[PDB]
Each structure stands twice: as C-alpha cells, then as structure tokens.
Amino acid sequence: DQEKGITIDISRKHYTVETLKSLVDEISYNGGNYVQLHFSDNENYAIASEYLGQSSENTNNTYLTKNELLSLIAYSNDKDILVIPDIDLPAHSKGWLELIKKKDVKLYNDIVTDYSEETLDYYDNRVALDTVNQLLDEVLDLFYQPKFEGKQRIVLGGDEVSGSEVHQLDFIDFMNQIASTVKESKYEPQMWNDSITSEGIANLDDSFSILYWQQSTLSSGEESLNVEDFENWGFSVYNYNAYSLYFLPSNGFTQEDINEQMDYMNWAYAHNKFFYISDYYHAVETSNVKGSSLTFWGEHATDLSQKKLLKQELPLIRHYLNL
C-alpha cells in the first residue's frame, strides 16, 4: 500500500482557509491519504501561536487563526485525510525566529546562529532546544487528530541546513532531540533527506521516515545518500522527487503550461522513481518506500489570487492522484 499526499507551502504564499478546504476536497475525491502543511519557513510563520505572539482570532493576511486551523483539520479528518504539520528546523526558520526577536531579544540572541538569521543554533545549545521544544509542544497539541491516533506524523524539516555537512553529528543530535519530543506525543518524526550524510546516518533515530526529494552531492564531489543506503540503516522513505513532484504556482502560467505539466508527469512520475544525481527519474526496487507526495512551493506565487491558485493546483492534484 503506497500513500499519496499533497504538500502545501503556506509560508511563502498566503492561502485562505477556504482555499485549503477546497484543496482537501479534491484530495479526498481522488483518494489521497494526507495533506502536509508547510507553514513555517524563512518568509513567515503562517499559523497562530500563543508562544510566538500570533494570537488574533480574526482572519488576517499573515496567519490562519487557531479556530481556522482546527476547522481545517476537522474538515480534513471528516474526509479521512490525515493532516501532517511541517515545521522546518533548524534552518528555514527566519519567520518564527523573527517572532522570538520581537517577544524577547535576549532569547533571540541566545538561540540564533551567529552567522545566519535563518538558522536556529543546533550546535549543542540547550536554550535553543528548550525554545524549539516549547514551540513543538504547541504544534503537537494543535494538530492532535484522535481519528489517526497511533498514525500521526510530523515533518521536522532538516533541509538545506548550513554547516550540517561539517557539523553533522551536532545536526543529527539536534534532530534526535526533537524527534524524542514528538515521539512522546506519539507522532512519527519525518525529515528531508538532503542534509544527512554517511557520517550521520548511523546515529540518526530510525524512528524517522525520510522525505527524499533530491540526492545530495558531498563537498568531495562524492554522491551522498541514496534510497538503498537509507534502507540499509533502517529508514523508510517517501518520494518527493524535486522534478516530477514539485510545482511552483506562478501568475505567469497559463492553462497550456498546466496541461504541459500533466503531460510531463505522465512519463516522469512514478511512485518509486526518485531524483538521483545520475537519473532524475530513477526506479528503486527497495522495500522501504511508503509513498509519495506532490508539493506546491509558494515562492513564485506572489501575484496569484486565491481563485488562480485553485485553478492551477486542483487539476495537478487530481492528475497526480490518478496516476
């Protein structure tokens, strides 16, 4: 049984609760299993947070209200869709770090790396971990879904982490600590594949499942981890192929571009075709593949209305879910 899900970047682009419910409708209609809500990145923290100071119970341009988010989750569960929170750590963190800076600059200075305003200090910093863990505790409560008790998952990020290749055991220790936190709330942790190396794999909590979007290349020029490697160290993977299964909605696209994307998906997508350095659509014959996801990243969607976002995304959701 291979799962299929839709990942939605609501940090780079604003989505109303109605847009999101319409998208979930389409996921359910075509038998999709989950929706991954990527709500925390550099540009914005796009859900309500008592901890971070986003508490308005009024609809606004910056974050889903708590009531809106809970409504969305309940609507999803009623249609047998699991909602997977995605909070990106320790990089891709500028949006919530900027909120901490507002709340408490002393704390900000105690937890941000000295070189990157986008990156939480994962290099063995207890106050940084404690702060993260408080945020995670709020997120794990917010996304509680009793219908899926024992099956909940949370994406914890781990993509494009500066310093992670050199300082790999610190990165892995950090990821293991936040995995511990989510596992205490009976969530399965997940992370992207790209910043884990040969050096870290043996120390990484194999409770993690891996969102495998693009095989990395090490500073040596050597290939980084592939799906067989993950299998060999006890990790399950999901196919998030960066070419076949990424789409960036844009105001410059026409209907013809969406049709082309579907014709491209016809040949480029398969459940087990992963993005490897040698082959962008590499078929893997391992036993550790659990599913796939189409992801809508938000950074090109600047001038799109909500109606136009639906116009581009609905057909792509349907086409992917029926392939």
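The first residue of the sequence shown is number 1, and the count goes up from there.
Asks: As stated in the PDB record, which stretch has the larger average Cα B-factor, 138-146 or 156-164?
Replies: Here the higher of the two C-alpha B-factor means belongs to 138-146.
Asks: Higher mean Cα B-factor in the deposited model: 30-38 or 64-72?
Replies: Comparing averages over the C-alpha atoms only gives 64-72.
Asks: According to the Cα B-factor stored in this entry, which of the following is highest: 251, 197, 176, 239?
Replies: Of 251, 197, 176, 239, 251 has the highest C-alpha B-factor.
Asks: So among 288, 266, 49, 292, who wins on Cα B-factor in the entry?
Replies: Highest C-alpha B-factor among the listed options: 49.
Asks: Just say lowest, middle or highest third for the CA B-factor of residue 95 relative to the other modelled residues in its chain.
Replies: It belongs to the middle third of the chain when residues are ordered by C-alpha B-factor.
Asks: Compare the C-alpha B factor of residue 218 with those of the other modelled residues in its chain, then answer lowest, middle or highest third.
Replies: It falls in the middle third of the chain.
Asks: Can you work out whether the C-alpha temperature factor of residue 118 puts it in the lowest, middle or highest third of the chain?
Replies: It falls in the middle third of the chain.
Asks: Quick check for you: using the entry's CA B-factors within this chain, is residue 111 in the lowest, middle or highest third?
Replies: Highest third - that is where residue 111 ends up once the chain's C-alpha B-factors are sorted.
Asks: Based on the deposited C-alpha B factors for this chain, I'd like to know if residue 277 is in the lowest, middle or highest third.
Replies: Middle third.
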